[PDB]
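As C-alpha cells, one chain now follows by itself in the form deposited in one PDB entry.
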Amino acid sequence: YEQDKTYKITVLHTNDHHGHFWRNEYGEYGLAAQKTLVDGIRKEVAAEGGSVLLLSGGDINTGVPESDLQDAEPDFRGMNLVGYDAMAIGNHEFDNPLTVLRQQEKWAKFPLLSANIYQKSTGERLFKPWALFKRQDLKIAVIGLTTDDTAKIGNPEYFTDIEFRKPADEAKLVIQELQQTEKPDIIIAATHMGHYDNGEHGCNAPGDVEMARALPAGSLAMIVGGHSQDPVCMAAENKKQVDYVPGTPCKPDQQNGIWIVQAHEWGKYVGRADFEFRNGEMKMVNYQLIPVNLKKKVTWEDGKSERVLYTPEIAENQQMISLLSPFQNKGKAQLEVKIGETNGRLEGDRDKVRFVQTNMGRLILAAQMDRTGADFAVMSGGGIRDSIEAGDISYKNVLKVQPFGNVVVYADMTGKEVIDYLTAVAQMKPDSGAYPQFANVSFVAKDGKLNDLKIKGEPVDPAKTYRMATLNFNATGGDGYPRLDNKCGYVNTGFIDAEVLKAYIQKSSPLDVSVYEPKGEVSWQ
C-alpha cells in the first residue's frame, strides 16, 4: 500500500440466513429488500471514495420449507445477486450430503470458506481456507472457520471421513501461513462459532471471544460471526444487550484488539462496519446494524393490532423478486405433495392435547427423538395445533399442526436430573397448554411425586446418562417448564418442528397409528 494514505473500507455482514430468501408473513426481511439496501450502500461507499466487502457467517441452509425442499438454491442465487464476497461454512451446511454442498459451491459465485475441516483418511482440507481480495491496492484476506460442535451435533453417518479441528488453533496456523506467504495488509475471519458473553461458552465449543483472546493481539481486524444467532451490541464490557432494539446504537465487542460482530439471523440485519486503514493500522470509525424492514408487534388502546416498522421501509428489488419467485412458487406447490400416509386419525384437537396423551404427541415426539437420537422426550400439548386426517399427508397438513417455527433441542442428563425434571413437569395440569405430552416415559404420579418411573420400559438409574428431546420454548422456561439452556448437556439443534415431523413421517410411511396409541403409561391420581 501507499504510506501516509487513508483508505476507506466498509465491511458488510450477515449470518444464519437459514433459508429466509423470501420476506416473512408480516413483511419483514427477505433478500429482495436486502438487495435494495446493499446496492444503495455500495453506491454511497463508492461516492465517498471507499470500498465494500460483504461477508456471511454461514448457515444458509435449513429453516424454511420452500428453501429446504430446493436445497437452498434460491438462497445461494439470491446471495449472488446481492453480491456476497465470501461466506464461512456453518454446521447446517452439513444437514445435506456433500453432493449438495459441492453443488452450492458451484451455484455460489463467491467461496465458501473453512480452514478447520479436514478429511480424516487423507489429512487434506475439504474446503478453501481463505480467499484474497483486492480493494484499491490493499490485499485483504478472509479466513473461514466452522464450529467444532458440528459433528458432535449433526448426522454421524455424514462425518465418517470428516474431522472438525479446533478453530482457534487453526486460525493461529492460517494467520502464520498468510503472514509468511501472501502477506495481506488486512486479515478478517468469517466464522461460524458463536458469541458468548466474556467467553462463557459453558459446554458449547469455544467461540469468537475465546478465540480473539487466544490469538496474537490485533492479528485480525475483525471477526464476522454467526451460529449463536445474536445481534452483538454490547450493554457493557463483556455483556451483550438482552432484547436489543432495532434501529438503536449497536457497539460491537472488541477483545484483545479484535472486533467481533454478528447480525442475529434470517437476514434481519445487514451489519455495517466502516473502517479507515492507514500505515498498517485498522481503525473502526462507525458501526451499525441496519434493520431489514423489521417490525414490532403492537396492540394500541382500541384492540387494533399491527406491526410497526422500526426504520423506514426498504423497497424490494424487482430483479431479486424475479429470480426468487419461481422458487417460491415451486416451493409452495411442493408443500401439497404426499409425503406419507396414516391408517387412522392423528388427534391434535386442542382439548384432547391439553387433557390427555394423544397419538399426535407420540408421533411428534418420536419424530423429535428420532432426529436428536434421544431416549425419551416431552413437549407442551398446546404446541400441537391441529389434527391430521386418516389417509394421505402433505407437508401442508404438517405445517398446520406445527405452524409457528419452533426449534427442536435436546439435553443430555443424569438419570437423577431426569427424575427431578419429569417430576416438576408432571406438576403441570390438564386444561392447559402446559399439559405434558410424553414419549418413552411411564409413571404413576401421586402426591406430586413419580412411582415406577420408566424410560423405555426400564427403571431409571440416577448415575445413567439419558438424552431428552423437547422444543426451544419449553427448554428456555416457556410454560414455566424448568430451564435447560444453561445446563451442560443442552444442544439447540436449529432444526424446525415442522421439518422434523415431516422428515419423520416421510421415512416411516405408511404409518400404523396403533404403535402411536397411548396405553396408560403415564397417569396421575
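Numbers for residues come from their place in the sequence shown, where the first is 1.
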Taking the deposited Cα B-factors and averaging over 165 to 173 and over 422 to 430, the higher mean is found in 422 to 430
393 to 401 or 251 to 259, whichever carries the higher mean Cα B-factor: 393 to 401
Please work out which residue in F159, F110, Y287, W300 has the highest C-alpha B-factor recorded for this crystal structure. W300
Max C-alpha B-factor within the set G194, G83, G448, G271 falls on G448
Chain third (lowest, middle, highest) by recorded CA B-factor, residue given as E66: lowest
By the entry's values, the third containing the CA B factor of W130 is the middle
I9, C-alpha B-factor rank within chain (lowest, middle or highest third): middle
Could you tell me which third, lowest, middle or highest, the C-alpha B-factor of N472 occupies within its chain? highest
Relative C-alpha B-factor of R102, binned into the chain's lowest, middle or highest third: lowest
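Beyond the structure shown, there is the form deposited with a small molecule bound, which is absent from this document and is the topic of what follows.
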In the deposited complex, segment of 439 to 447, 271 to 279, 123 to 131, 380 to 388 with a heavy atom within 4.5 Å of the small molecule: 380 to 388
In the deposited complex, the one of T372, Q104, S394, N406 near the small molecule [non-hydrogen atom within 4.5 angstroms]: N406
Exactly one of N317, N293, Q368, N91 has a non-hydrogen atom within 4.5 Å of the small molecule in the deposited complex; which residue is it? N91
Would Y490 count as touching the small molecule in the deposited complex under a 4.5 Å heavy atom rule? no
Wondering, does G433 line up within 4.5 Å of the small molecule in the deposited complex on heavy atoms? yes
Would you check, heavy atoms only and a 4.5 Å threshold, whether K172 touches the small molecule in the deposited complex? no
Please run the contact check for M413 against the small molecule in the deposited complex: heavy atoms, 4.5 angstroms, yes or no? no
Within 4.5 Å of the small molecule in the deposited complex - does that hold for a heavy atom of every one of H195, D230 and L289? no
